[PDB]
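Colleague: Provided herewith is a single structure, encoded as structure tokens, for subsequent inquiry.
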Amino acid sequence: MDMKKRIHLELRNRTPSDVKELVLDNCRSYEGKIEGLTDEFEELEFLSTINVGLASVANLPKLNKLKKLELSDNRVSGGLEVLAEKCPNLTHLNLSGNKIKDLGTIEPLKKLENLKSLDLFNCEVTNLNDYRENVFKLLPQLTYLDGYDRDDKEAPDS
Amino acid sequence: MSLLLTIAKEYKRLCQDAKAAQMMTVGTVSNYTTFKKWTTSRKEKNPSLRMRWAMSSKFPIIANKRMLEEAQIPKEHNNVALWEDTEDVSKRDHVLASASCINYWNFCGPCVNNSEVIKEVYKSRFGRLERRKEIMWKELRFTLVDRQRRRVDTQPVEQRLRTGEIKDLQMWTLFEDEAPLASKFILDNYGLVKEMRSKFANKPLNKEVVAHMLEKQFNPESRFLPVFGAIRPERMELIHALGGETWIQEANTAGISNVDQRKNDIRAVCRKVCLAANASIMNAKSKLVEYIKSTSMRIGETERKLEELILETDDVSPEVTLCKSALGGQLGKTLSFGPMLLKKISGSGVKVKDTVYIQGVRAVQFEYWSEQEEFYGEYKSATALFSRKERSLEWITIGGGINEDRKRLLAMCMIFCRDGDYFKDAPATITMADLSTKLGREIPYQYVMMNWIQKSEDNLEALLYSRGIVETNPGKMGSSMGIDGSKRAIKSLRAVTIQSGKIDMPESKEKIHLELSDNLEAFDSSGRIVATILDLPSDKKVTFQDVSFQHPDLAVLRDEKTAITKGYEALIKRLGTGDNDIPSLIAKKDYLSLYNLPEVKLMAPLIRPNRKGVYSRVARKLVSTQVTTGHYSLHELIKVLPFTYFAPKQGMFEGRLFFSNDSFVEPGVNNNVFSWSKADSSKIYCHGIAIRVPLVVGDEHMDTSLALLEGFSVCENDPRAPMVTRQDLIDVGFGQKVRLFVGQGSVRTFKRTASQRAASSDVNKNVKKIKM
Amino acid sequence: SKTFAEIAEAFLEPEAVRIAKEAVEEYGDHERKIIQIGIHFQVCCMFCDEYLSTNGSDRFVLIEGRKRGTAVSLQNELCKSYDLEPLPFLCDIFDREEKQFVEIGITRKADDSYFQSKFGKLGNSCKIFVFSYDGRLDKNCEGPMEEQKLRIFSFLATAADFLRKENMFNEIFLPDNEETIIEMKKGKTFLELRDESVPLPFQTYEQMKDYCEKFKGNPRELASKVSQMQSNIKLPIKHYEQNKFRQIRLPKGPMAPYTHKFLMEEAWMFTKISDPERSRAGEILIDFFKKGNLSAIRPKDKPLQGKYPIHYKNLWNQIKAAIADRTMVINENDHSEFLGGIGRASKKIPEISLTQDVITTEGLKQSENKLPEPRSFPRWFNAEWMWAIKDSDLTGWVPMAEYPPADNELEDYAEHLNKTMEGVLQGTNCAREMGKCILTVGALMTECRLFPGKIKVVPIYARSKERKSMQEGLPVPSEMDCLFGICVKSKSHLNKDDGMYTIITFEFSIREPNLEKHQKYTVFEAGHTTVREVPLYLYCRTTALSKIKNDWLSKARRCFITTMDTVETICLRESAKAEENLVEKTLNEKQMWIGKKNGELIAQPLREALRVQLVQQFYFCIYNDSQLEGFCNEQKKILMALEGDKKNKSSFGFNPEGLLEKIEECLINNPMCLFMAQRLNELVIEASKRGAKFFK
Amino acid sequence: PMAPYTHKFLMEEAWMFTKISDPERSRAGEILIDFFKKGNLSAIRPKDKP
Amino acid sequence: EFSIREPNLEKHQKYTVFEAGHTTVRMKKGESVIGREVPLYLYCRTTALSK
RNA sequence: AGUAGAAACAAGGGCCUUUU
């Protein structure tokens, strides 16, 4: 469909200032660019954007109360600097299914001191040598990776 | 926006006038088309001289003005004039511009983000290019060519359609707001429209060009041309670079475009169903029609109905002809007598009776036509032009290239004309058993002799001997044919002429509406037979791929998988409108009343009994999760519901839901038992069989208000109901009324209640109650 | 399409189509009514809907599709069984749960008129339902079930959309009860005429119609009239072998002089090297002017031949002056005004302002058209033809584009042959004349488009490239700009095609003239020029042109196409008969007769005969007129008769003398026609030594 | 330019479907048919443009 | 051949590649197995051999 | 003058209608 209509539909007369969750999976965004988002969304604490033909995350406005994000099934690559300035209080992130080649693209995520879990599956980075260990050494604050902590400790449900 | 307000102001100003008001008030909207002609009418005799003289000037073109200002296009770069403020007489909103101005824009000017959409707009020509690139040329040789003239197709095209089926498609992809009522071709071909719509959406484009290109993408260019060698569109599109009258550029082009495979598969299916219906004795007609409408097949990605493809193709075969006749499909004036092909050029006649004695004295009636008539005939790699006269083959000429084919064509022609003494006194070898009636169905002596020839070559030799033989006179040595099929001999057959060079196939752009009998023999406003079931191969076994024979008799599955499929079908049929159905309940979030449906109660016995509770738990869980929010996938509930009938329990779910026949389905991944795709969201594949889901509600995958149309219908107009758009149409309640605008200059009233019944059955059954 | 039945089959079931067809055949009405009836019938069907009664039996019973007598029989049977009153008229359907017939109606007009008429005709006897294609309903009782209505309206909407798309949504195909008689509104005047345009024996269209509708064939009277007409005619038949073709009688008088605007053989040119920077016509004309030769010229007041030499001399001086001023422009004086026909356009005189005294004052009779006068055979044409066959010391005279890449043998062969032919042809003399015409006409057209109402100065030039010697000496030969003379236009106000804009031609030569050939020119003795020194002449004349001749002369690169076609055809035919590459051999070996010398025939390979065909095409492009058109159109008969003679085919004709007359009628003062006619006579003569059907 | 891959098969970028081994069907013609029966191959439908 | 890893232009030069729908990957989750869908690629190549 | 043909042009309206 289109992120605009999807959003206007999810907003069943509700102001964009009292919601705590939003989902936009199985939609479309022209040029793989966000469309319809603003800083009006303040109380939002969760987001889900999956399989929407996205390619970059530059347009996303400033969201502080957000503490979980999902960007799987898209083809984003390179823009992880924007996440730090816009959402500094983020804890859970997911990127499985996107275009990720090296670690230099991941380095910015170190500044997300509030980060706990990260999900990278089906990406090229996973096909390297000493990838879990090197990542952990890069992002020490992190504890969970693709659902498994150091020593392969399966994470709980929630 | 402000533009809208400007349009309103312009409309007001224009209505202030009297003539404009009279014309915009009187008559309907169609008058626009007429008005489109009385304006901007001007032509030229020799645009060539005019063009040269015109371009010679220093500002020869016209162009928009505001587009130039917005494009910051100046009037010079390093001293070359680019345009000048002025007004053309016709447009009044355009300004004269230089040829140098175009160059300026391309080299340095207003850049755009992307333009690969072009490859889709002109897909046919990029396909031409690719097909060319995948060729392996070969040597060149010089020689004379036997180029026969004939009607063929030059444009390879998939899913060839009609014109009425296109004028609609050009709208639902580009102009949906201005769309008319949904036609059957749309409701049937949903995924196709969705595909064509996914590419030309949210793009900066000129739409008229796209529509024109789509017309070309769906038009097989039919031409009457000289041809040599094989006949395939992949070649005819570049025949100009393969050979002429004196030269040939050899090249292999066999493995491209995969066209004729579809046609041969179609003809095989037609033969199969024709034989099946022939197995009957009194209803083969209705049996065949049922087999038709109860069948579908895949083309590339999409699934199409057989009866729809049959009415689009032009394969003149004794199988396709019968089908197209049953469905009342008109067709050309082309005959068929066994494997050969025939076409009448001139003449007339009428049936007449005669008899022959099979063995000793056994009278058997055989018919034959009266006055002289010409015919063209075409067998494998062989052509002929002959004439019949009162049960005799008057003359014949041939231009083939093989002896065997020549002889077979000659024999089948002699038979078609009942020429010879055999039709006067049949041979001893034939008997009453070989006569006719395998199981009661008679056989005219014609096809009898046909199979008698196909049986042994010596029957053919004797038949040829039945034709007069004489000594090859001088000079005619070259234009003579022996018994072996030699271009010359010392003694040759009677009334025969040979030559090198095929015959030019005739042509006629005519159509006829024929019928057929209960014995599968078509007639054309006369006692002449154009097709039958004796002119096709006897039988053969084939394994058809990507086909759907959704009919009991035409099925090989057992009662178990068939029961599963029928349960799924029944469970889907509850996807209509009205309370007690799943859509209303979903809207009301009554995820519980679904567990108590009767259909799940009928499919429950098929569930594995030792783990039915655990599966039930999981199913109900998923349902609530999907229903409570609103983010559901209709293709998963229809799959998991049959398990929610029993009571939950405790246990380890290991990923798969088994039935009682060691066949499972998995919730989230497609398998042999239950498959589907986001591309074609209107189909469900169970055990290979396909199922058409109605379009009443649209979940996350479905697209653009083309998935609600089977839930709406027309009703008596009510001015009280509100008028809304095509997007808010989803927020109505099942059973409500609403006014709406359709296409152009038309408003109606709709109601969100469906009607699954059609007119076929109602017309067919009601007409059967009148012949009594 | 092609019939209303096929149309109805588009959105209807063929069963109801056949039903309505049989019905209209029963009533023998116009078959354009197949649609309405089928629609009604289909409605009845979808109205039954296979509904049932409390007793598990059918509720409704169709009566519309049945015959009329049978329908009435069933109607009475039901009125009796269920004890109902018989209706006066017939109905369409009957129900059992209520035991009262029902009638269905349909209309397009959004008004009650149809329902009012029906209700008046039937009052309230039975149930009547009339639907509208645009969603309306009128009845006399409770409404139908919800599924009949939602289903009936949808079908009607689809049908109405289809019809409106087919332009058949009108009273014609969808009439009411009354408007069922469509007919041409035959007025009064049209009938008065029709009864007046009738053949003689009849006097009213009715008699003619009755005679034609009942006309029967009587072959005997037809054959008798045929023979009679076949006897009073006496069509002559003439086998050519017995009645041979005489020679053609050319006219008599002076000789046909040069007509082409530019000189080809007698032309002298000054050459220089071309610089890519200076390439416009107005620049080169100055470059050649600086070196001093163009200015060294200084003719004298004594002409060898011609008229008005003073005007020509003054015009040449003004041309030199303008060139010196760097402005290719000329002023309007008496001389130019006389040479350019500036003011020699007739003056108009309305008749309203006319009187008899005015006429008698100055005779104003009807203009006596002075058609062209005859001429004789030109003896200078063969000289030009033989000169235009030899090289020109250079090549690249005619510009040509580049050759694209190649991937298969076919394109290789094509490129090879095209290169051979182009290299052979670009070296001749006719080629430089073609390039000269091309460029000069382009410049003149540009000027006429940009600077009308203004006398300009345009050169007569061309561009070429010196031939390529061996690698020895100076490699990479250079280019060259050549100048043959000067040209001048005069106010080409081409208001309309076919117009005329006078021009003037100043050309350079080193060969004295002939009175017969160079009749129109006005030559002057200019001086001397080098090579050693040689005298100099200045040929000068006047002529005109138009848009069409400009456009066509500029498009003078078709002769190449024609010649290539002929040659490639010959070569491919010779190569196919043997199934082998025979092209170079056919060009170097196959001999083509090209002329006579010393009473004997002459021959040269095709590779050298191409030039003859090329010159032929060029002349066809140059001297094209109505005369040459008619000639080349009427000569084909002679060639076909000749071919028939070659193959012993006993040709024949009806009146060859008339053909010869028609041919000789269009031979006037056009050298090409005369030359080709004399050559055709020589052809038939030389063939008479080997063929019949020709007299000497 | 860099030297490209040369071996016939793929080592690191490979992928494989799996199934249980039957000693009664331990042959290529049988293993392939069995793998095909479940219809996971028929689902492999490469698009036109590569 | 089958693959779940998009190619690179240099190493994969003799190979013609396509995209054939999707597939599934299976991995442990505590005491159970799960499946995570992924894309699927098809690697096409021609080559010769000998005895 | 000239063009070409079997009649038309040889400006017409009230100032307008330059690169192989």
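Lettering and numbering for the structure tokens are positional, with chains as A, B, ... in the shown order, residues counted from 1 in each chain, and ligands counted from 1 in the shown order.
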What are the closest atom pairs, with distances in Å to one decimal, for each residue of chain C lying within 7 Å of chain B, using only C-alpha atoms, rows by chain and rising residue number, as a Markdown table?
Modeller:
| residue | atom | partner | partner_atom | distance |
| --- | --- | --- | --- | --- |
| C:13 | CA | B:760 | CA | 6.8 |
| C:14 | CA | B:328 | CA | 6.5 |
| C:42 | CA | B:763 | CA | 6.4 |
| C:45 | CA | B:763 | CA | 5.4 |
| C:46 | CA | B:762 | CA | 5.7 |
| C:49 | CA | B:762 | CA | 6.1 |
| C:66 | CA | B:770 | CA | 6.8 |
| C:135 | CA | B:716 | CA | 5.1 |
| C:136 | CA | B:716 | CA | 6.0 |
| C:150 | CA | B:715 | CA | 5.4 |
| C:151 | CA | B:755 | CA | 6.8 |
| C:153 | CA | B:714 | CA | 6.4 |
| C:154 | CA | B:714 | CA | 5.6 |
| C:408 | CA | B:137 | CA | 6.6 |
| C:409 | CA | B:140 | CA | 6.2 |
| C:410 | CA | B:249 | CA | 6.8 |
| C:446 | CA | B:56 | CA | 6.5 |
| C:449 | CA | B:53 | CA | 6.8 |
| C:450 | CA | B:57 | CA | 6.9 |
| C:551 | CA | B:49 | CA | 6.4 |
| C:572 | CA | B:246 | CA | 6.3 |
| C:573 | CA | B:246 | CA | 6.8 |
| C:575 | CA | B:142 | CA | 6.6 |
| C:576 | CA | B:143 | CA | 4.3 |
| C:577 | CA | B:143 | CA | 6.8 |
| C:579 | CA | B:143 | CA | 5.0 |
| C:580 | CA | B:142 | CA | 6.2 |
Colleague: Which residues of chain A are close to chain D, meaning at most 12 Å apart when you count only C-alpha atoms, and how do they look as a list in words?
Modeller: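 So the contacting residues turn out to be residues 124, 127 and 128 of chain A.
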Colleague: Could you tell me which of E:8, E:24, E:3, E:16 comes closest to chain B if we count only C-alpha atoms?
Modeller: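 When distances to chain B are compared using only C-alpha atoms, the smallest one comes from E:24.
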Colleague: Within 9 Å of residue 1 of chain F, counting only C-alpha atoms (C1' of nucleotides), which residues show up once you throw out same-chain ones fewer than 6 positions away? Write them as a list in words, please.
Modeller: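 Answer for this query is residues 338, 339, 340, 341 and 542 of chain C.
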Colleague: Export, as a compact mmCIF listing (two decimals), in the first residue's frame, the selected residues with C-alpha atoms.
Modeller:
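The result, stored in again.txt:
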# COMPACT_ATOMS: atom_id res chain seq x y z
CA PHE C 338 15.84 44.59 -65.24
CA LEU C 339 17.70 41.30 -64.76
CA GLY C 340 15.70 40.23 -61.70
CA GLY C 341 12.25 40.86 -63.13
CA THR C 542 19.59 33.99 -66.25
Colleague: Please provide the set of residues having any atom within 10 Å of residue 6 of chain E, restricted to only C-alpha atoms (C1' of nucleotides), with same-chain residues fewer than 2 positions apart removed, written as a count of residues only.
Modeller: 14
Colleague: Fewer than 2 positions away in the same chain doesn't count, so skip those; otherwise give me all residues within 12 Å of residue 21 of chain D, counting only C-alpha atoms (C1' of nucleotides), as a list in words.
Modeller: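 Here the qualifying residues turn out to be residues 18, 19, 23, 24, 25, 26, 27, 28, 30, 31, 32, 34 and 35 of chain D.
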Colleague: Can you tell me which residues surround segment 570-572 of chain B at a distance of at most 9 Å, considering only C-alpha atoms (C1' of nucleotides), apart from same-chain residues fewer than 4 positions away, and format the answer as number ranges by chain?
Modeller: B: 565-566, 576, 598-600, 638, 641-642, 691-694
Colleague: For the selection you just gave me, I'd like the residues written to a file as a short mmCIF file (atom, residue, chain, number, x, y, z; two decimals), in the first residue's frame, keeping C-alpha atoms.
Modeller:
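Output contents, as saved in part34.cif:
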data_model
loop_
_atom_site.label_atom_id
_atom_site.label_comp_id
_atom_site.auth_asym_id
_atom_site.auth_seq_id
_atom_site.Cartn_x
_atom_site.Cartn_y
_atom_site.Cartn_z
CA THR B 565 -9.43 -30.19 -0.39
CA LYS B 566 -13.23 -30.12 -0.30
CA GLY B 576 -18.53 -14.15 1.72
CA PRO B 598 -19.76 -26.35 11.11
CA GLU B 599 -17.02 -26.62 8.49
CA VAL B 600 -14.25 -27.10 11.05
CA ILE B 638 -8.10 -20.54 6.62
CA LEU B 641 -8.93 -23.12 11.78
CA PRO B 642 -9.75 -26.84 11.25
CA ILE B 691 -8.80 -22.56 -5.29
CA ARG B 692 -10.10 -19.07 -6.03
CA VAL B 693 -10.68 -17.04 -2.86
CA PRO B 694 -13.40 -14.37 -3.15
#
Colleague: Find the residues of chain B in contact range of chain E, meaning any atom within 12 Å when counting only C-alpha atoms, and list them as a list in words.
Modeller: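 Putting it all together, I get residues 652, 653, 654, 655, 656, 666, 667, 668, 669, 670, 671, 677, 678 and 679 of chain B.
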Colleague: I need the residues from that last selection saved to file as a compact mmCIF listing (two decimals), in the first residue's frame (with N, CA and C atoms), if you can.
Modeller:
# COMPACT_ATOMS: atom_id res chain seq x y z
N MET B 652 4.18 -30.70 23.81
CA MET B 652 5.22 -30.03 23.05
C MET B 652 4.83 -29.99 21.58
N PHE B 653 4.58 -28.80 21.04
CA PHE B 653 4.32 -28.60 19.59
C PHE B 653 5.69 -28.62 18.93
N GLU B 654 5.93 -29.45 17.91
CA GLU B 654 7.25 -29.67 17.27
C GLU B 654 7.30 -29.04 15.88
N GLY B 655 6.46 -28.05 15.59
CA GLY B 655 6.48 -27.25 14.35
C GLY B 655 5.47 -27.61 13.29
N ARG B 656 4.85 -28.79 13.28
CA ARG B 656 3.99 -29.26 12.17
C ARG B 656 2.67 -29.78 12.67
N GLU B 666 2.22 -26.49 7.78
CA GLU B 666 3.04 -25.74 8.72
C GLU B 666 2.61 -24.28 8.75
N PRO B 667 2.47 -23.68 9.93
CA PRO B 667 1.95 -22.32 10.02
C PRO B 667 2.98 -21.24 9.72
N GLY B 668 3.13 -20.89 8.44
CA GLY B 668 4.00 -19.79 8.08
C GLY B 668 4.79 -20.03 6.81
N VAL B 669 5.01 -21.30 6.47
CA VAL B 669 5.75 -21.68 5.28
C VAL B 669 4.84 -22.49 4.37
N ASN B 670 4.98 -22.28 3.07
CA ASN B 670 4.17 -22.99 2.10
C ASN B 670 4.73 -24.39 1.86
N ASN B 671 3.82 -25.35 1.67
CA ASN B 671 4.20 -26.73 1.42
C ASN B 671 3.30 -27.29 0.33
N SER B 677 1.17 -17.18 -2.37
CA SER B 677 2.19 -16.16 -2.57
C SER B 677 1.56 -14.79 -2.47
N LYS B 678 2.38 -13.81 -2.09
CA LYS B 678 1.93 -12.43 -2.04
C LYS B 678 1.68 -11.86 -3.43
N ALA B 679 2.30 -12.43 -4.45
CA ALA B 679 2.06 -11.98 -5.82
C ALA B 679 0.61 -12.20 -6.21
Colleague: Using DSSP on the backbone coordinates, identify the residues of chain D assigned to alpha helix (DSSP H); present them as JSON, numbers by chain.
Modeller: {"D": [28, 29, 30, 31, 32, 33, 34, 35, 36, 37]}
Colleague: Would you mind listing what lies within 10 Å of residue 12 of chain E as a list in words, with only C-alpha atoms (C1' of nucleotides) counted and same-chain residues fewer than 6 positions away left out?
Modeller: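 So, after excluding close chain neighbours, the residues are residues 3, 4, 5 and 6 of chain D; 43 and 45 of chain E.
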Colleague: Quick one: which chain D residues come within 8 Å of chain B, and what is the nearest atom pair for each with the distance in Å to one decimal, counting only C-alpha atoms, rows ordered by chain and ascending number, as CSV?
Modeller:
residue,atom,partner,partner_atom,distance
D:38,CA,B:672,CA,6.4
D:39,CA,B:672,CA,6.0
D:40,CA,B:671,CA,7.7
Colleague: Assign secondary structure with DSSP using the backbone only, and return the residues of segment 41-125 of chain A in strand (DSSP E or B) as a list in words.
Modeller: residues 68, 92, 93, 94, 117, 118 and 119 of chain A
Colleague: Per residue of chain D within 12 Å of chain E, what are the shortest atom pair and its distance in Å to one decimal, counting only C-alpha atoms, with rows by chain and residue number, as a Markdown table?
Modeller:
| residue | atom | partner | partner_atom | distance |
| --- | --- | --- | --- | --- |
| D:1 | CA | E:10 | CA | 8.0 |
| D:2 | CA | E:10 | CA | 6.5 |
| D:3 | CA | E:11 | CA | 7.0 |
| D:4 | CA | E:11 | CA | 4.2 |
| D:5 | CA | E:11 | CA | 5.2 |
| D:6 | CA | E:14 | CA | 8.4 |
| D:7 | CA | E:47 | CA | 9.7 |
| D:8 | CA | E:47 | CA | 7.4 |
| D:9 | CA | E:1 | CA | 7.7 |
| D:10 | CA | E:1 | CA | 7.7 |
| D:11 | CA | E:3 | CA | 10.2 |
| D:12 | CA | E:3 | CA | 9.3 |
| D:13 | CA | E:3 | CA | 5.9 |
| D:14 | CA | E:3 | CA | 4.9 |
| D:15 | CA | E:3 | CA | 4.8 |
| D:16 | CA | E:2 | CA | 6.8 |
| D:17 | CA | E:2 | CA | 9.0 |
| D:18 | CA | E:25 | CA | 11.4 |
| D:40 | CA | E:23 | CA | 8.8 |
| D:41 | CA | E:20 | CA | 9.9 |
| D:42 | CA | E:20 | CA | 10.4 |
| D:43 | CA | E:21 | CA | 7.5 |
| D:44 | CA | E:20 | CA | 5.2 |
| D:45 | CA | E:20 | CA | 5.2 |
| D:46 | CA | E:20 | CA | 4.3 |
| D:47 | CA | E:19 | CA | 6.5 |
| D:48 | CA | E:18 | CA | 8.1 |
| D:49 | CA | E:18 | CA | 7.5 |
| D:50 | CA | E:18 | CA | 4.8 |
Colleague: Write the selection just made, keeping N, CA and C atoms, as a short mmCIF file (atom, residue, chain, number, x, y, z; two decimals), in the first residue's frame?
Modeller:
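The resulting again03.cif:
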data_model
loop_
_atom_site.label_atom_id
_atom_site.label_comp_id
_atom_site.auth_asym_id
_atom_site.auth_seq_id
_atom_site.Cartn_x
_atom_site.Cartn_y
_atom_site.Cartn_z
N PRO D 1 42.61 -7.51 -14.06
CA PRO D 1 41.50 -7.89 -13.20
C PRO D 1 41.84 -9.09 -12.33
N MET D 2 41.06 -9.26 -11.27
CA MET D 2 41.29 -10.33 -10.32
C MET D 2 40.97 -11.68 -10.93
N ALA D 3 41.63 -12.71 -10.42
CA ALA D 3 41.38 -14.06 -10.90
C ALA D 3 40.05 -14.55 -10.36
N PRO D 4 39.16 -15.08 -11.21
CA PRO D 4 37.84 -15.49 -10.72
C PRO D 4 37.81 -16.92 -10.22
N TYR D 5 36.65 -17.34 -9.71
CA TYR D 5 36.48 -18.72 -9.28
C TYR D 5 36.61 -19.65 -10.48
N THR D 6 37.18 -20.82 -10.24
CA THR D 6 37.48 -21.75 -11.32
C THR D 6 36.92 -23.14 -11.10
N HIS D 7 36.91 -23.62 -9.86
CA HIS D 7 36.42 -24.97 -9.59
C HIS D 7 35.00 -25.13 -10.12
N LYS D 8 34.60 -26.39 -10.32
CA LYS D 8 33.31 -26.66 -10.92
C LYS D 8 32.17 -26.37 -9.95
N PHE D 9 32.33 -26.78 -8.69
CA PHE D 9 31.28 -26.66 -7.69
C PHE D 9 31.57 -25.46 -6.79
N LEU D 10 30.67 -25.24 -5.83
CA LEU D 10 30.80 -24.18 -4.86
C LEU D 10 31.13 -24.77 -3.49
N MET D 11 32.07 -24.14 -2.79
CA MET D 11 32.53 -24.63 -1.50
C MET D 11 31.90 -23.86 -0.34
N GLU D 12 32.12 -22.55 -0.28
CA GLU D 12 31.72 -21.76 0.87
C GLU D 12 30.34 -21.14 0.71
N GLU D 13 30.01 -20.69 -0.50
CA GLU D 13 28.72 -20.07 -0.77
C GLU D 13 27.65 -21.09 -1.12
N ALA D 14 27.90 -22.37 -0.87
CA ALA D 14 26.99 -23.42 -1.29
C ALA D 14 25.77 -23.47 -0.37
N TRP D 15 24.89 -24.42 -0.67
CA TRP D 15 23.68 -24.66 0.10
C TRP D 15 23.13 -26.01 -0.34
N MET D 16 22.40 -26.66 0.56
CA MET D 16 21.96 -28.02 0.30
C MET D 16 20.66 -28.30 1.03
N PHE D 17 19.75 -28.97 0.34
CA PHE D 17 18.59 -29.53 1.01
C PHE D 17 18.93 -30.91 1.55
N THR D 18 18.20 -31.34 2.58
CA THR D 18 18.53 -32.56 3.29
C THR D 18 17.32 -33.48 3.34
N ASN D 40 9.66 -29.13 -3.16
CA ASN D 40 10.49 -27.98 -2.84
C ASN D 40 11.24 -27.48 -4.06
N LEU D 41 11.52 -28.36 -5.02
CA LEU D 41 12.17 -27.93 -6.25
C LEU D 41 11.20 -27.18 -7.15
N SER D 42 10.01 -27.75 -7.36
CA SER D 42 9.01 -27.09 -8.19
C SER D 42 8.76 -25.66 -7.75
N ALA D 43 8.97 -25.37 -6.47
CA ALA D 43 8.84 -24.00 -5.98
C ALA D 43 9.96 -23.12 -6.50
N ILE D 44 11.07 -23.71 -6.95
CA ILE D 44 12.18 -22.94 -7.49
C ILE D 44 11.78 -22.44 -8.87
N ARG D 45 11.47 -21.15 -8.97
CA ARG D 45 10.99 -20.53 -10.20
C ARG D 45 11.76 -19.24 -10.42
N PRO D 46 12.94 -19.32 -11.04
CA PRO D 46 13.75 -18.11 -11.21
C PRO D 46 13.07 -17.11 -12.13
N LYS D 47 13.16 -15.84 -11.75
CA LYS D 47 12.57 -14.79 -12.56
C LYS D 47 13.38 -14.60 -13.84
N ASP D 48 12.79 -13.84 -14.77
CA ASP D 48 13.39 -13.70 -16.09
C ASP D 48 14.71 -12.94 -16.02
N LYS D 49 14.72 -11.79 -15.37
CA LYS D 49 15.90 -10.93 -15.39
C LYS D 49 16.90 -11.39 -14.35
N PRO D 50 18.15 -11.67 -14.72
CA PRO D 50 19.15 -12.06 -13.72
C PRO D 50 19.89 -10.87 -13.15
#
Colleague: What is the distance, in Å and to one decimal place, between atom CA of residue 599 of chain C and atom CA of residue 265 of chain C?
Modeller: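 For atom CA of residue 599 of chain C relative to atom CA of residue 265 of chain C, the distance reads 26.6 Å.
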Colleague: Sorted by chain and rising residue number, which residues of chain E lie within 8 Å of chain A, and what are their closest atom pairs and distances in Å to one decimal, counting only C-alpha atoms, as a Markdown table?
Modeller:
| residue | atom | partner | partner_atom | distance |
| --- | --- | --- | --- | --- |
| E:5 | CA | A:124 | CA | 7.9 |
| E:29 | CA | A:154 | CA | 7.5 |
| E:30 | CA | A:154 | CA | 6.8 |
| E:38 | CA | A:122 | CA | 7.1 |
Colleague: Just to be explicit: take each residue in the selection above, keep N, CA, C and O atoms, and write the result as a short mmCIF file (atom, residue, chain, number, x, y, z; two decimals), in the first residue's frame.
Modeller:
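Saved file again.cif follows:
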data_model
loop_
_atom_site.label_atom_id
_atom_site.label_comp_id
_atom_site.auth_asym_id
_atom_site.auth_seq_id
_atom_site.Cartn_x
_atom_site.Cartn_y
_atom_site.Cartn_z
N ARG E 5 23.72 -16.81 -0.68
CA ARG E 5 24.67 -15.71 -0.54
C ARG E 5 24.80 -15.01 -1.88
O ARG E 5 25.30 -15.60 -2.84
N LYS E 29 16.42 -23.62 19.47
CA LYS E 29 15.78 -22.62 20.33
C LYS E 29 15.44 -23.36 21.62
O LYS E 29 14.41 -24.03 21.73
N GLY E 30 16.34 -23.26 22.59
CA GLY E 30 16.15 -23.98 23.84
C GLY E 30 16.11 -25.47 23.58
O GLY E 30 17.10 -26.08 23.15
N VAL E 38 14.75 -17.34 4.55
CA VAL E 38 15.76 -16.50 3.90
C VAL E 38 15.53 -16.52 2.40
O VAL E 38 14.79 -17.37 1.89
#
